[PDB]
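Enquirer: Line by line, the protein sequences are chains B and A.
So for the first sequence, PDB author numbering puts the first residue at 4; every next one is plus one.
So for the second sequence, PDB author numbering puts the first residue at 4; every next one is plus one.
All C-beta atoms in this analysis are idealised placements derived from N, C-alpha and C, irrespective of residue type, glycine included.
Number of protein chains: 2
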Amino acid sequence: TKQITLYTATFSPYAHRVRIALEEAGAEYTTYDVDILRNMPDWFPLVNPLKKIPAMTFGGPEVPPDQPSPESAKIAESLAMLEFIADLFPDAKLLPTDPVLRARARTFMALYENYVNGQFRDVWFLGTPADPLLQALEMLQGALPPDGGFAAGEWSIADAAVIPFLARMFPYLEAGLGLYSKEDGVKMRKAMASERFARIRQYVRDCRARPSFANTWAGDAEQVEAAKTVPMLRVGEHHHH
Amino acid sequence: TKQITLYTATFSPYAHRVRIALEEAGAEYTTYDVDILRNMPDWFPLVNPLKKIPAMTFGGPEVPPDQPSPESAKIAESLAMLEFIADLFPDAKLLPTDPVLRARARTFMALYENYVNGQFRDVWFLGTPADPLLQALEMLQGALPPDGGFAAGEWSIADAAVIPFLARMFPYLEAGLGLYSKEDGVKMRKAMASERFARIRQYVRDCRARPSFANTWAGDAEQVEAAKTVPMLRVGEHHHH
Ligand SMILES: [Ca+2]
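1) Within 9 Å (strictly less), CB to CB, does residue 21 of chain B reach chain A?
2) Taking the alpha-carbon positions, what's the residue 128 of chain A to residue 243 of chain A distance?
3) Could you tell me whether any non-hydrogen atom of ligand 1 is closer than 8 Å to the CB of residue 137 of chain B?
4) For the structure I just gave you, are there three or more beta carbon pairs, one from the region 214 to 232 of chain B and one from the region 18 to 26 of chain B, closer than 8 Å?
5) Going by other Cβ atoms of all chains shown within 10 Å of its Cβ, with 16 needed for buried, is residue 2 of chain A buried or exposed?
6) Using a beta-carbon distance below 9 Å, is residue 181 of chain A in contact with chain B?
7) How many Å lie between residue 59 of chain A and residue 227 of chain A at the Cα?
8) Is the separation between the beta-carbon of residue 6 of chain A and that of residue 33 of chain A shorter than 9 Å?
9) So does the region 143 to 161 of chain A actually touch the region 95 to 112 of chain A, counting three or more Cβ pairs closer than 8 Å?
10) Could you tell me which uninterrupted alpha helix (DSSP H) segments, each at least 4 residues in length, are contained entirely in the region 121 to 165 of chain B, listed from first to last along the chain?
11) Tell me where the alpha helix (DSSP H) around residue 235 of chain B begins and ends.
12) Can you give me the C-alpha to C-alpha distance between residue 240 of chain B and residue 191 of chain A, rounded to a whole angstrom?
13) What residues of chain A sit near residue 78 of chain B, judged by a beta carbon separation below 7 Å?
14) Please compile the residues from chain B whose C-beta is within a distance smaller than 7 Å of the C-beta of residue 154 of chain A.
15) Nearest-angstrom Cα distance between residue 133 of chain A and residue 118 of chain A?
16) For the beta strand (DSSP E) that residue 61 of chain B lies in, which residues bound it at each end?
17) From the beta carbon of residue 90 of chain A, is the nearest beta carbon of chain B less than 9 Å away?
18) For the candidate residues B/230, B/235 and B/85, whose alpha-carbon lies nearest to that of residue 13 of chain B?
19) Could you work out which residue in B/223, B/212, B/124 and B/61 is closest to residue 31 of chain B when comparing CA atoms only?
20) Note down the Cα distance separating residue 233 of chain A from residue 48 of chain A, rounded to an integer number of angstroms.
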């Protein structure tokens with residue numbers, strides 16, 4: 004019964020994770036867009052002292068999101084929010100019940116975090132070499148069940164953690180968004196279209212097919228336009244090695 | 004009834020995390036040291052194809068750890084192992100039951116992963132300036148309950164995740180181990196002894212006083228000697244300005 008408010012921005016893959024999980028939970032919740040990169044509201048540190056999106060408030064009196072209550076719980080960090088939503092809505096089965104399968108989900112989220120996420124960030128924002136990213140993606144692909152299905156078999160929060168980033172990759176590459184070189188843009192587009200990456204393309208289609216994705220995605224072109232407003236994606240700059 | 008084997012190494016704070024949680028769970032488990040730095044056994048990629056410590060096997064037939072069975076579950080990534088141990092031993096209450104308190108635990112583990120660990124890595128491996136690390140530690144300190152307790156109040160896996168790194172900081176600094184300069188080492192030692200960091204000192208004391216730490220720690224001098232064998236810590240080497 005207690006209220007959930009998610010502070011969000013369309014470009015943000017980290018906020019996207021949490022919208023997906025809230026959709027999969029069937030939760031009642033409010034979203035509130037925050038111009039975190041160009042015009043942070045003076046009240047925003049009251050909901051997240053770290054000054055990042057996403058931010059979540061939970062409980063307290065029902066108030067407008069730009070008048071946050073000191074009485075709500077302030078929850079930070081998108082992966083903490085995913086686990087919290089699974090904890091709040093156990094009947095939605097956002098994690099498996101089997102401990103080994105639950106560990107597959109947690110392992111997949113840690114493999115993404117520790118090997119892949121930083122490569123996406125370095126390739127896109129610093130234009131570092133794309134090969135290490137493709138290697139990390141091949142490793143992540145190898146953790147998926149071979150025959151189809153999601154990270155832990157049934158859909159879980161592990162798939163909410165990863166799909167925002169993989170789903171952005173394809174249309175960002177098609178639009179030439181990111182500070183990597185033309186040569187590495189071609190390399191990545193060819194790789195991600197190659198038989199080497201058939202399994203992760205099926206994973207992306209399977210995640211995107213779910214209502215939780217359709218209902219939290221502005222569309223490929225609209226997401227590209229949102230991403231173009233991110234300052235660290237300077238138009239017209241590329242790094243070469 | 005299903006067996007647990009943890010592949011470990013004394014120097015490793017990531018492996019230490021999991022040993023602490025296994026102690027707190029009251030689990031029956033085997034540990035097996037692997038010279039992952041210098042002499043990785045040919046069979047080790049069968050338990051962890053990422054070729055890192057820690058590695059875990061679960062279930063399957065009881066076999067010598069250097070003859071791993073294809074029938075055991077192979078679990079990778081220390082934080083996934085922590086959540087797995089919590090799932091396997093619910094009567095041990097390694098997480099709170101309340102969703103908001105559980106979220107404090109998950110948020111603290113993500114704050115450490117996303118803000119603090121990388122700063123420890125930069126300072127210790129590259130000798131980058133200490134100030135950003137001290138800043139990140141003050142942030143993490145701020146997430147603790149100011150008047151006392153562990154990250155989520157009661158002890159949880161969040162404290163298993165973080166104490167290996169905080170507990171190494173003090174004796175590594177007093178040994179001058181790491182690529183930072185003597186000037187930054189003095190600065191860090193003074194900062195961590197000052198009233199600014201009194202709360203995090205209390206936290207380190209409180210975690211170290213638990214049997215789970217005593218039983219998984221070789222002693223400060225012994226741990227320093229094991230750390231001197233780590234190639235990335237470059238014993239005898241320091242970068243300046
Ligand atoms: Ca595989």
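Expert: A quick look at the data gives this:
1) Using beta-carbon distances, residue 21 of chain B does not count as an interface residue toward chain A, since no partner is under 9 Å.
2) Spanning the two alpha carbons is a distance of roughly 13 Å.
3) Residue 137 of chain B Cβ: outside cutoff for every heavy atom of ligand 1.
4) Using a C-beta cut-off of 8 Å, the region 214 to 232 of chain B makes contact with the region 18 to 26 of chain B, since at least three inter-stretch Cβ pairs fall below that distance.
5) Lying outside 4 to 244, the shown extent of chain A, residue 2 of chain A is not represented and no answer is given.
6) For residue 181 of chain A, not one C-beta of chain B is nearer than 9 Å to its own C-beta.
7) Rounded to the nearest whole angstrom, the CA to CA distance from residue 59 of chain A to residue 227 of chain A is 25 Å.
8) In this structure, residue 6 of chain A sits near residue 33 of chain A, with a CB-CB distance shorter than 9 Å.
9) In the pairwise beta carbon analysis, the region 143 to 161 of chain A is classified as touching the region 95 to 112 of chain A: at least three pairs are separated by under 8 Å.
10) Segments of the alpha helix (DSSP H) lying fully in the region 121 to 165 of chain B: 134 to 146.
11) Segment: none, residue 235 of chain B is in no alpha helix (DSSP H) and carries neither H nor E.
12) Spanning the two alpha carbons is a distance of roughly 38 Å.
13) Those within 7 Å of residue 78 of chain B in chain A are 106 and 110.
14) Those do not exist, as residue 154 of chain A stays about 12 Å from chain B at its closest Cβ, beyond 7 Å.
15) Whole-angstrom Cα-Cα distance: 14 Å.
16) From DSSP, the beta strand (DSSP E) with residue 61 of chain B extends over 58 to 61.
17) Yes, its Cβ sits closer than 9 Å to a Cβ of chain B.
18) Out of B/230, B/235 and B/85, B/230 has the C-alpha closest to the C-alpha of residue 13 of chain B.
19) Of the candidates B/223, B/212, B/124 and B/61, the one whose C-alpha sits nearest the C-alpha of residue 31 of chain B is B/61.
20) Cα atoms of residue 233 of chain A and residue 48 of chain A: separation of roughly 20 Å, rounded to the nearest angstrom.
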